[PDB]
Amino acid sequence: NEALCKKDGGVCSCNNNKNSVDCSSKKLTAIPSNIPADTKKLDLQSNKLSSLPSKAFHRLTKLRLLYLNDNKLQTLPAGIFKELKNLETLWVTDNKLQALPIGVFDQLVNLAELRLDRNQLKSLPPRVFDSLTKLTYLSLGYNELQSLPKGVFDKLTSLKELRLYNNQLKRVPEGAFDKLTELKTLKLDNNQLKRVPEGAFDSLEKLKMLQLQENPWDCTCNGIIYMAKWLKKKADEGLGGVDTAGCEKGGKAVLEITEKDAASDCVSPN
């Protein structure tokens, strides 16, 4: 029998009137097992959790915020979050996650913010984000992603910010952002993109910040023309970031490129 709250002898600090349990930074190796099912905010960030028992949050029906960032999770049991139907924010950043269970987010219908940066993600399940209707903030930065599953975003029609920076993206899918009509910030800097497919940004009206730096854009062949025409047409409208896309070789900004220097339908570095 171990008391949860410091006031009762435990190590985690607890705010009764606010229904919050703060077990953050107590060198923990296991989820305390006597967390009131009444809890709205659970903080387990900055501890040493290498695994995580399923059904660990399956009584916590009222959970609104769950911070699992900065532990040692290498995996997530298939149904850890199937009961958190009122969760609004989930952070599982800074861990060693190497994959995400196919329907791990199927029950999070009220989710608004989801961070998964700095993990070991190599691929995403085809429909992992399909239930995140109300989702407005998505960051997947700092992982080992090389490509994205076609349609992975289609259901996210309220997304405001999307961060795919700091991965190893070789190419963005066909119509990956077509349904993100309400997107205002798109971060894609630091990947291995040579260009984006034609029309890749046509739905992003209402877009305010675009981060494209640190990518090997080859303005040495058409295929970059769509992105140049678009960016240039967006520079005027006061986009922001339009200048961050820079040529791999040319030195000059993709923005400036015309069909003159990129008039040759040929294939990026082989």
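Residue positions are given as counts along the sequence shown, with the first one as 1.
Per the PDB record, of the two stretches 53 to 61 and 37 to 45, 53 to 61 carries the greater mean B-factor over its C-alpha atoms. Of the two segments, 65 to 73 and 237 to 245, the one listed with the higher mean B-factor is 237 to 245 (C-alpha atoms only). As recorded in the PDB entry, 145 shows the highest C-alpha B-factor of the residues 90, 128, 145, 176.
Annotation for 200, 99, 159, 188: 99 ranks highest, by Cα B-factor. Among the modelled residues of its chain, residue 84 has a C-alpha B-factor that falls in the highest third, as given in the PDB entry.
In the deposited entry, the Cα temperature factor of residue 219 sits in the top third of values across the chain's modelled residues. In the deposited entry, the Cα temperature factor of residue 257 places it in the highest third of its chain's modelled residues. Ranked against the other modelled residues of its chain, the C-alpha B-factor of residue 227 as given in the entry falls in the middle third. The deposited CA B-factor of residue 30 belongs to the lowest third of values across its chain.
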